[PDB]
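Visitor: Have a look at this one.
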Amino acid sequence: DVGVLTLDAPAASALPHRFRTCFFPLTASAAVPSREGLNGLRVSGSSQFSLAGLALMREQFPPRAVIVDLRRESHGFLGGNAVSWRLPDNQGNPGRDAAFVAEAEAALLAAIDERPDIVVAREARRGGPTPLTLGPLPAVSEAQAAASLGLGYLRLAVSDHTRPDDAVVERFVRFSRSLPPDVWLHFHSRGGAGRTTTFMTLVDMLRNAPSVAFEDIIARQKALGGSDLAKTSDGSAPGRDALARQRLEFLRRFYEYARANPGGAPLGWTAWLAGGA
Amino acid sequence: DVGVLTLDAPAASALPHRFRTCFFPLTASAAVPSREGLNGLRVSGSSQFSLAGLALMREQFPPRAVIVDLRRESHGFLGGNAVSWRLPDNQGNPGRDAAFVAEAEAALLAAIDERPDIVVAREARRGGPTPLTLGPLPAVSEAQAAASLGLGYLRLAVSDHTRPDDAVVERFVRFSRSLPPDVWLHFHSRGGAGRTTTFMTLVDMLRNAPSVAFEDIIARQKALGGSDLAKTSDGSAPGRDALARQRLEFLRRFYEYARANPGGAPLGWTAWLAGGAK
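Protein sequence lines, in the order shown, are assigned to chains D and A. The first sequence maps to residues 51 to 79, 82 to 329 in the deposited numbering. The second sequence maps to residues 51 to 79, 82 to 330 in the deposited numbering.
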């Protein structure tokens, strides 16, 4: 079961939803959280873009920008349409890393490349419930879409609604430390909500955890246009609540890590974890 | 059998060998070939770089530059060292496409990541014949190395000493057509010779085949610092000669394609071949 081929963004969509940079204004919920260290983060985020949406964003990307794709689920482009293979709760490629995902989704995309009558499901929010019937259209990976615009591309496989695995955190902190000072990171997921806001928060913490309170970092990433990583339901979605609490606990632990290891040094994430009681 | 882990470039290497851009001077072999349309190609090439070499090249890369990695063989970086898995005649991952290769080499790199006493073979040209023992060091794909510098990355799996498969040519022509006018392509292979020079020639033909003779394009990509794609042995290496002849025939056919379809349009490579080449 590879999941239902579903529309993420139609080709006609332009700027993706939940687009924000670290220079965006903060919308107050509560007082406006601290802005200290926010503007200099060289980070932005969004939901999944169409091909046209990526080209539009590129107009305002600095030189040496990187698209950081956080989606563990298989996805790509059919023409300008952003499409993905959706399993229940969007848990595609469960437990798999980016190397496995890239090859799996390459095969899924190859199977719809330049073929007629490809049925693409649409949720109600994206013009559904009637599906689109498309093709022949070129099917490409987001990796190639980014390369075609001269943009960097990094894939990190994070499950929807879920914290990143320790191995992903380790890889990301090492990646962050390898970056020259001019490199900009644009994170995205499907919705630009949980996963995107999680990683913008990690970038925030890697620079600012020694000087800025945990609550301010969480609140300001929400206020910039991200989702609220401190929110849970009233109990109506227990499985989702358990993931949200697991993710918030991880973020508290990462904040402690980033205070003791500014910028991810001297210890990496998993080495730091080995010193716990 | 995944091949012998071998050094491509030591971490201390800086500018890679056979580095050139389409703005470089031409060295005559024969008259200096025509330069018509050469400087505007938005293309460069090199041999395999170290991590330091990539950072150095980035100092002179334009905005929106793409590293186009032509290597079908598995390779990556062990610390700053560029390393690869060499089968006989460097025919790693035979017949496989970039998606397969990326996953295969990711596993090979994971197995040497941050581990001690990794033995890396060295050819005489690359500091050998004594091997190099390295580690613990971070092992990364070139895709990640490129991303860490904010550079684009495209992988096209081409066998050493060989023309690109039709599917690779089709993918590349479509890629070329998709580029906005500011995107710069930096090709590389292992040596910056056959495969890199082939693809710089393809880019040249896509822009200039209607106005510039085939012989001038081949000669100028050599004169810029590439290898000679019109060269063969005297019969002393017949298998390599057969590959070189097959590649040259492909380049003549692509030249005709690019004359009939300037810039890769209206017809693509496979569609042009399917229609009988006009």
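For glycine and all other residues, C-beta sits at the position ideal for the given N, C-alpha and C.
Does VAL264 (chain D) come out as helix, strand or coil in the three-state DSSP assignment?
Guide: coil
Visitor: Looking at chain A, which residues of the region 215-228 of chain D have a Cβ within less than 8 Å of any of its Cβ atoms?
Guide: Answer set for the region 215-228 of chain D: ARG226, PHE227.
Visitor: Establish whether the CB of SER200 (chain A) and some CB of chain D are separated by less than 8 Å.
Guide: So, interface residue.
Visitor: So, is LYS274 (chain A) buried or exposed, given that buried needs 16 or more other C-beta atoms within 10 angstroms?
Guide: Per the 10 Å Cβ criterion, buried.
Visitor: By Cβ distance, which residues of its chain are closer than 6 Å to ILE270 (chain D), with the 5 residues on each side in sequence left out?
Guide: The beta carbon of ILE270 (chain D) lies closer than 6 Å to those of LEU281, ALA282 in the same chain, with the five residues before and after it left out.
Visitor: Does any C-beta atom of chain D lie closer than 8 Å to the C-beta of residue 334 (chain A)?
Guide: Nothing can be reported for residue 334 (chain A): it is not among the residues displayed for chain A, which extend from 51 to 330.
Visitor: Relative to the C-alpha of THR71 (chain D), which residue among D:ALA83, D:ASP58, D:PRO85, D:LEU90 is closest?
Guide: Taking only the C-alpha atoms, the option nearest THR71 (chain D) is D:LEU90.
Visitor: Among the residues of its own chain, which have a CB less than 6 Å from the CB of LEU189 (chain A), if the five just before and after it don't count?
Guide: Apart from sequence neighbours up to five positions away, the residues of its chain that approach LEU189 (chain A) with a beta-carbon distance below 6 Å are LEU130, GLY131, ordered along the chain.
Visitor: Helix, strand or coil for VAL171 (chain D) per DSSP?
Guide: strand
Visitor: Just how far apart, CA to CA, sit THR248 (chain D) and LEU206 (chain A)?
Guide: 25 Å
Visitor: When DSSP labels each residue in this structure, what does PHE101 (chain A) get in the three-state scheme?
Guide: DSSP places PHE101 (chain A) in coil when its eight states are reduced to three.
Visitor: Please determine, among A:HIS238, A:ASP58, A:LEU295, the residue with the shortest C-alpha to C-alpha distance to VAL172 (chain A).
Guide: A:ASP58
Visitor: Taking the alpha-carbon positions, what's the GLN298 (chain A) to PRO114 (chain D) distance?
Guide: 43 Å
Visitor: Whose C-alpha, out of D:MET257, D:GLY278, D:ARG148, is nearest the C-alpha of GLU308 (chain D)?
Guide: D:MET257
Visitor: Would you identify the three-state DSSP class for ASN133 (chain D), choosing helix, strand or coil?
Guide: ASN133 (chain D) carries a strand assignment under DSSP once its states are collapsed to helix, strand and coil.
Visitor: Return the Cβ separation of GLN100 (chain A) and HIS240 (chain A) in integer angstroms, given the expectation that the two are a contact with Cβ distance under 8 Å.
Guide: For a cut-off of 8 Å, the C-beta gap from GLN100 (chain A) to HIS240 (chain A) is around 6 Å, short enough to register as a contact.
Visitor: Which value, in whole angstroms, describes the spacing of the CA atoms of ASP234 (chain D) and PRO183 (chain D)?
Guide: 43 Å
Visitor: Per DSSP, what kind of secondary structure is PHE239 (chain D) in: helix, strand or coil?
Guide: strand
Visitor: Just verifying my parser: in three-state terms, what is the DSSP assignment at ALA62 (chain A)?
Guide: coil
Visitor: Please identify the residue among A:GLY97, A:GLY128, A:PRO146, A:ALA209 whose C-alpha is closest to the C-alpha of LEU161 (chain A).
Guide: Residue A:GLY128 is the option with its Cα nearest to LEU161 (chain A).
Visitor: By the 10 Å Cβ neighbour count, where 16 or more other Cβ atoms means buried, how is residue 81 (chain D) classified, buried or exposed?
Guide: Examination of chain D shows a numbering gap from 79 to 82; residue 81 (chain D) is inside it and therefore has no coordinates.
Visitor: What residue range does the beta strand (DSSP E) around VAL118 (chain A) cover?
Guide: 117-123
Visitor: Along chain C, in chain order, which residues have C-beta atoms closer than 7 Å to that of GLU125 (chain D)?
Guide: Structure shown: chain C not included; protein chains present are D and A.
Visitor: Could you give the DSSP three-state label for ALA191 (chain D): helix, strand or coil?
Guide: strand
Visitor: Taking C-beta to C-beta, are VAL210 (chain D) and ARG292 (chain D) nearer than 8 Å?
Guide: no
Visitor: For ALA294 (chain A) and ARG178 (chain A), I'd like the C-alpha separation in whole angstroms.
Guide: Computed Cα separation, rounded: 28 Å.
Visitor: If you measure beta-carbon to beta-carbon, which residues of the region 226-258 of chain D are closer than 8 Å to chain A?
Guide: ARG226, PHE227, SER230, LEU231, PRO232, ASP234, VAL235, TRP236
Visitor: Which residue marks the beginning of the alpha helix (DSSP H) containing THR284 (chain A), and which one marks its end?
Guide: Neither: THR284 (chain A) is in no alpha helix (DSSP H) and is coded neither H nor E.
Visitor: Give the straight-line distance between the Cα atoms of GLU194 (chain A) and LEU319 (chain A), rounded to the nearest whole angstrom.
Guide: Spanning the two alpha carbons is a distance of roughly 33 Å.
Visitor: Could you tell me the alpha carbon to alpha carbon distance between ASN133 (chain A) and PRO146 (chain A), rounded to whole angstroms?
Guide: 24 Å
Visitor: Indicate, with yes or no, if the ligand MN has a heavy atom lying under 7 Å from the CB of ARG167 (chain D).
Guide: Questions concerning the ligand MN fall outside what the structure shown contains, since it holds no ligand whatsoever.
Visitor: Using a Cβ-Cβ cut-off of 8 Å (strictly less than) and excluding sequence neighbours within five positions of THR185 (chain D), which residues of its own chain qualify?
Guide: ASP169, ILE170, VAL171, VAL172
Visitor: Can you tell me which of A:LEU103, A:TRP236, A:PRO75 puts its alpha carbon nearest to the alpha carbon of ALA191 (chain A)?
Guide: A:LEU103
Visitor: Of the residues A:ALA163, A:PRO181, A:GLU175, which one's Cα is nearest the Cα of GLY187 (chain A)?
Guide: A:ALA163
Visitor: Can you check whether the C-beta of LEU106 (chain A) is within less than 8 Å of a C-beta belonging to chain D?
Guide: no
Visitor: Against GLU267 (chain D), what residues of chain A qualify as contacts under a CB-to-CB distance less than 7 Å, listed in chain order?
Guide: By Cβ distance, chain A contributes nothing, its closest Cβ being about 32 Å from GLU267 (chain D), past 7 Å.
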